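[1] this block holds the first chain(s) of the complex, placed as they are in the complex; more will follow:
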Amino acid sequence: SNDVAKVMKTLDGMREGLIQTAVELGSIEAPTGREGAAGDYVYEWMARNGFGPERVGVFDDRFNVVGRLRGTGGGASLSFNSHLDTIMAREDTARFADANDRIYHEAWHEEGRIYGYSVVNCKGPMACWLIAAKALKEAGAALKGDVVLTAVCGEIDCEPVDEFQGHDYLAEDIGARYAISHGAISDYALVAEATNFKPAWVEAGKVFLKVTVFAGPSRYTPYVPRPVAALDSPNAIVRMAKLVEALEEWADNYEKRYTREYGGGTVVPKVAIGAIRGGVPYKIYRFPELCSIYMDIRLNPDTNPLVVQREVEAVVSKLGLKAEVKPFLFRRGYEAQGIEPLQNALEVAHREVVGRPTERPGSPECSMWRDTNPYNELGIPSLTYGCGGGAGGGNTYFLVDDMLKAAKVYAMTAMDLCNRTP
C-alpha cells in the first residue's frame, strides 16, 4: 500500500545525497584498469550505511564490491548491478582527438543535470540504486528476500591481445562473471545502465578478430619497386588499405543480414575496425612484411563465432590476399529466460513513477555488451534499465529529476519482487 509512499517520501528528501554521491563517485579517476579507488569509495559507502560489503576480486587493486540488504526471510533475491570503470583514460591519446577534455574525466552538477561520461557510464545509475537501497533500509521497508548490491569492475570491452597481457588489460573476465561465480548470486538481477527508461533483456555477444595481411619481401626504401598494383604491393600496409574498404562494405551488409528480433529487443549487430598497426614508428626505413587490423564484431545470441570468421576469411580470399584471421575474444550474448517476474515488477513501478507503459528498447542498447549476459548465462534472469541516453551515443549528462525517478523505480521493483516466495 503506502509502504511505497513512505519510501517515496524518503527518497524525495535524499535528492541532495543522490547528487553528491553521483558527483563524488563520478569525479574519481577510474578507467578500466584502475578502478581500485572507485571500488574503495563504494566499499566504504556501503560500509557506512551498513550493507556489510566484501571485496570480491582477482587482483587486490581491481575487485568487485558486494553488499546486501538482508530480508526477514522467505523471499526472492534481487541483485542491483552497475560497473566501477569508465571509458576514457587521460592516457589514450591514440583514440581521442582531445584525450584531456573535461567531459571525459570529471563530473559536476550544473543546472540540475549532472555532466560527465563517468556519470552516464556508470556512476550514475549506480548512485541511483545505492540511494534506493539506503531508502529501503531507513524507511524500514518490509522485505522477505535479500537485496544484493553488486558494484563490479571490468564491464567495459577492453581485452588483452598479443603482448598486452595480464593485470593491466583484463576486464570482463574478472568482473561480473567472477563476482557471481563466487557468491553474488540471486534469483533475479537488474543491471542499472542507461536506457531511456526502456527495459531490455536481450544483449549481444561479440567476437574480436585480428586480421594480419602478409606481403614482402622487405626492401630498403631506395629499392622499393614502383609502380605496382595495390594488391600486389610488397608493402603490407598498402594491401591492408585495400582490404579495409572491402571489409567496410562487408560490415555494411552484416548488420542488416544478422538483424534479429527478440522479445527483449531487436538486435542490430554492428562491426568496427578498432585498431591498426604495422610495423613500428621508430624504424620506418623498411616497409612492413605484415600488417594487422583489429575488428569488433557483435553477435546476436544465435550466431556462432566461427561462421563470422569464415565470412571474413572469404572477403580476404576474394581479394587474393594471404592473411591470418585469428579470433582473440569470444563471448556469448543471451536473451533472458523466465524474466516475467522482474519484467512485471519493474513494469508496475515504471507506470507509477513515469506514467505510461514501457516502450521497446532502442537497438543499440540491445546490441551491446552489458552485464545482463553473465547473469543470464548463469541462470539468473536479468534485464537492464536506467535513465538517459547511452554513453556510446554519446549522451554526456543526466537530469537530476530522472535519476530520482529511477531510484524510485528501483526501490519499488525491489519491494514487489523481494516479497515473492521463490
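    Perfect, I can see it now. Numbers count the residues shown, from 1 in each chain, chains lettered A, B, ... in the order given.

[2] show residues contacting the strand or helix carrying residue A:180.
    Following DSSP states H and E, one finds residue A:180 within helix A:176-181. By Cβ atoms under 8 Å, 6 or more residues apart in numbering, the surrounding residues in contact with helix A:176-181 are A:56-58, A:64, A:66, A:81, A:83, A:150, A:152, A:154-155, A:371, A:374-375, A:377-378, A:380. The C-beta positions use only the backbone N, C-alpha and C, and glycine is treated the same way.

[3] ok, residue A:151 to residue A:124 distance?
    11 Å (Cβ to Cβ, to the nearest Å).

[4] same check on residue A:269?
    Counting by Cβ to Cβ, the gap from residue A:269 to residue A:124 is 26 Å.

[5] equivalent analysis for residue A:73, please.
    Taking Cβ to Cβ, one finds residue A:73 at 33 Å from residue A:124.

[6] about what we covered before: quick one: which of residue A:269 and residue A:124 has more around it?
    Higher neighbour count among residue A:269 and residue A:124: residue A:124, with 29 against 26, using other Cβ atoms under 10 Å.

[7] pretty sure that one is touching residue A:26, no?
    Yes: contact criterion Cβ atoms under 8 Å: residue A:124 and residue A:26 qualify, at 6.7 Å.

[8] common neighbours of the two, please.
    Residues touching both residue A:124 and residue A:26 (Cβ under 8 Å, 6+ apart): residue A:118.

[9] part of a helix, is residue A:401?
    Yes: assignment of residue A:401 by DSSP: H, G, I helix; E, B strand; the rest coil places it within a helix.

[10] can you count the residues close to it?
    The local packing of residue A:401 (other Cβ under 10 Å) involves 11 other residues.

[11] contact partners for the residue lying closest to it once chain neighbours are set aside?
    Excluding the flanking residues, the one nearest residue A:401 by Cβ to Cβ, 6 or more residues apart in numbering is residue A:112, at 7.2 Å. Shown in contact with residue A:112 (Cβ under 8 Å, 6+ apart): A:399-401.

[12] quick one: contacts for residue A:136?
    A:7, A:69, A:143, A:147, A:411, A:414-415.

[13] for those residues, which one is nearest residue A:339?
    residue A:414 (16.1 Å; Cβ to Cβ).

[14] for stretch A:331-349, how far is the first residue from the last?
    Terminal residues of stretch A:331-349 are spaced 32 Å apart (Cα to Cα, to the nearest Å).

[15] that stretch: which residues count as buried?
    A:331-336, A:339, A:341-343, A:345-347, A:349 (16 or more other Cβ atoms under 10 Å).

[16] return the subset of the contacts of residue A:136 lying in helices.
    A:7, A:411, A:414-415 (DSSP state H).

[17] could I get the residues you listed as TSV with neighbour count and distance to residue A:87?
    Listed next are the ones in helices among the contacts of residue A:136 as TSV, based on neighbours: other Cβ atoms under 10 Å; distance: Cβ to Cβ, whole Å:
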residue	neighbour count	distance to residue A:87
A:7	22	33
A:411	27	28
A:414	27	29
A:415	21	33
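
[18] among those, list the two that are farthest apart in space.
    Longest span within the ones in helices among the contacts of residue A:136, Cβ to Cβ: A:7 and A:414, 9.5 Å.

[19] mind adding chain B? sequence follows:
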Amino acid sequence: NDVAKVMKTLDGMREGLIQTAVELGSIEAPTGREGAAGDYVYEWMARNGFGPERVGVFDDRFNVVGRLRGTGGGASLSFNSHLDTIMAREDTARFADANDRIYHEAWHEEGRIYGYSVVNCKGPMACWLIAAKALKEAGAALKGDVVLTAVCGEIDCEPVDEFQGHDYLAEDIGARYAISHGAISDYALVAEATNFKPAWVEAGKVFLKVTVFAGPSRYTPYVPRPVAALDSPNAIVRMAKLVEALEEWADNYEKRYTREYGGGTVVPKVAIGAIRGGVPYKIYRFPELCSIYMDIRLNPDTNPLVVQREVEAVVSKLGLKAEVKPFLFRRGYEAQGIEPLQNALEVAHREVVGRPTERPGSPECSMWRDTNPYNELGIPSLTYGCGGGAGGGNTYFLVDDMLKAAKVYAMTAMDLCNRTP
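    Alright, chain B goes in next:
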C-alpha cells in the same frame, strides 16, 4: 587407407609416448604452480611445429594453445587436457602421507606408467599430443583444423575468505579463459580418464561456507558444565552436532537429485571438505564461531539457491544460529549437437577396441571436467580416455591402453575434421 598409415606411425611412437608422459608427469605442478608444466608443453608443441601461444591471466599460470592447420573447409576439433595435478607436497592437511611418491612422481614399470600426475592428467594429454604428431608426420589429409589445448587450473581449488588471488585461483583462469580468448572450435574432446567410455553430461557445483554461532567466550576455568551440546557456548561443539545432521542430509541428497541424461547418469554428491575454528595457537578460550566448508555437486537442472535453502533448513531444524554463505557456483551441462563427434568417436573406438562403447560410470558424469566450459560456450563436448579415474583412485595406466587411446584420438580427428560444418 590414409588411416592404416597413421596407425602404423603410432605403433612406432610408443617410446615417444612413454617418454612424453613420464617427463611430463615428473614435473611438480599442483594447482597454483602449473607454470613449469606449461613451459614444457609449449616447448614440446614448438619443437613439433604446432605454433603454440601462451594464453593466461598470469605469466606463470597460463594455458597453452596450438594448432594443426587443415587444408580448408572442415569442422574444427579441440583436444583438451589440464596441466595441474592434485597433490602438492605442502598438503599435510589433506593426506596422511603427503610425501608419498605416487602423489608426486611418474615412472615406467610393467608396461604401466605410475603416478597420480599421470592419471590426472599428463598422459591423456600425452596421448593426444602424440596423436597430433602422428597425424602431422603421416601427412594425413584434414580439411578442418585440430586445436591442441593444454589448460591450467582445471582442478576444483577455489579462493575463499582470506585466501585470494594468484595463488588460489583455478578454473576462472583455465579452460574457459582459453576458450573465451581464442581457443575456439566446432567440437571439443576433453581427454581425461574414463574407461574408454564416453560421457557428455557433467555436474555443476555450489560451495557453501556454514558458520555456526555460539558464545559467550569464556576462559577455560569458567566454562559452564554440563550443558547440552546444542546449547554449548563452544561453537565447535554445536558444529559437531550439525555435521551429523548434514551427513544425513547428504546421504539423501545424492539419491533425490539423481538424474539420468542421454549423456550419462548424474549422481551429485556432498562432502564436508574443511572445518576450522578458531586458531590453534590461542586455545584458552573456546570460539564463539566455527565454520564448515561444503562441496555440493549439482545436476545441470538444479538451482544453487534451492540447495542453500535446504541446508539453511537443516540448521533451522536444530535450533542453531548459522550463516550459510555460497562462495562458488558453476553450472554443469549436457552437450547439445554432440552427434557428429559422438559418431566419429564411436566409429574410431569400435575399430581400435573392437566392441561398442559402454555407458560411463556415474562418477565420471557427476564431476567437474572441462567439457563444461566448452558446452557453456556452444562447443559440443565429451570426455574420453583410458584407465580408471584418479578420484578412484587409479594410480597407473597401461601403456597398451594409452596407445589405444591415441589411436582413437587420431581416427576421431580424421573422420570429424573431414565432415562439412
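
[20] now with chain B: the contacts of helix A:176-181?
    Here helix A:176-181 makes contact (Cβ atoms under 8 Å, 6 or more residues apart in numbering or on different chains) with A:56-58, A:64, A:66, A:81, A:83, A:150, A:152, A:154-155, A:371, A:374-375, A:377-378, A:380, B:172, B:328-330.

[21] send the alpha carbons of stretch A:218-238 over as CSV?
    Provided in CSV are the C-alpha atoms of stretch A:218-238 (Å, rounded to 0.1, in the frame of the first residue of the first chain):
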residue,chain,number,x,y,z
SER,A,218,61.2,-6.3,-47.2
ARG,A,219,63.1,-3.7,-49.1
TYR,A,220,65.1,-0.6,-48.0
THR,A,221,63.3,2.4,-49.4
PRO,A,222,65.8,3.2,-52.2
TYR,A,223,65.0,-0.3,-53.6
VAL,A,224,61.2,-0.4,-53.4
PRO,A,225,59.6,-1.5,-56.7
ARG,A,226,57.3,1.0,-58.4
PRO,A,227,54.9,1.2,-60.0
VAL,A,228,53.0,-1.9,-58.7
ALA,A,229,49.3,-2.7,-58.3
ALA,A,230,48.0,-2.1,-54.8
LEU,A,231,47.0,-5.7,-54.1
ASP,A,232,50.5,-6.8,-55.3
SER,A,233,52.4,-4.3,-53.3
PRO,A,234,55.3,-5.6,-51.2
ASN,A,235,54.1,-3.2,-48.6
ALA,A,236,51.6,-4.9,-46.3
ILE,A,237,50.2,-1.5,-45.3
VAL,A,238,49.3,-0.9,-48.9
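
[22] roughly how far is that stretch from the heart of the chain?
    42 Å (Cα atoms, centre = their mean, to the nearest Å).

[23] do the same with stretch A:11-23
    On Cα atoms, centre = their mean, the centre of stretch A:11-23 falls 24 Å from that of its chain.

[24] just the helices in the stretch 51-200 of chain A please.
    With DSSP state H, counting those that start in this stretch as the definition, the stretch 51-200 of chain A shows helices at residue ranges A:102-105, A:117-118, A:125-138, A:176-181.

[25] what residues are up against the nearest residue to residue A:412 once chain neighbours are set aside?
    Closest residue to residue A:412 apart from its sequence neighbours, by Cβ to Cβ, 6 or more residues apart in numbering or on different chains: residue A:349 at 3.6 Å. Counting by Cβ under 8 Å, 6+ apart, residue A:349 makes contact with A:408-410, A:412-413, A:416.

[26] could you dump these into a markdown table with neighbour count added?
    As requested, the contacts of residue A:349 are exported to a markdown table (neighbours: other Cβ atoms under 10 Å in any protein chain shown):
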| residue | neighbour count |
| --- | --- |
| A:408 | 24 |
| A:409 | 29 |
| A:410 | 30 |
| A:412 | 22 |
| A:413 | 25 |
| A:416 | 19 |
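
[27] what's the burial count for the residue of the stretch 151-300 of chain A found nearest chain B?
    Proximity of the stretch 151-300 of chain A to chain B (Cβ to the nearest Cβ) peaks at residue A:183, 5.1 Å away. Residue A:183 has 20 neighbours, counted by other Cβ atoms under 10 Å in any protein chain shown.

[28] likewise the one 5 residues further on?
    The local packing of residue A:188 (other Cβ under 10 Å) involves 28 other residues.

[29] over to residue A:35?
    The burial count assigned to residue A:35 is 30, neighbours taken as other Cβ under 10 Å.

[30] can I get the CA coordinates of the helix holding residue A:180 in CSV?
    Extracted C-alpha coordinates of helix A:176-181, given in CSV (Å, rounded to 0.1, in the frame of the first residue of the first chain):
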residue,chain,number,x,y,z
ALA,A,176,30.6,-9.6,-13.0
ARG,A,177,31.0,-13.1,-14.0
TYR,A,178,33.7,-13.5,-11.4
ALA,A,179,31.6,-11.9,-8.7
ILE,A,180,28.5,-14.1,-9.5
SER,A,181,30.5,-17.3,-9.7
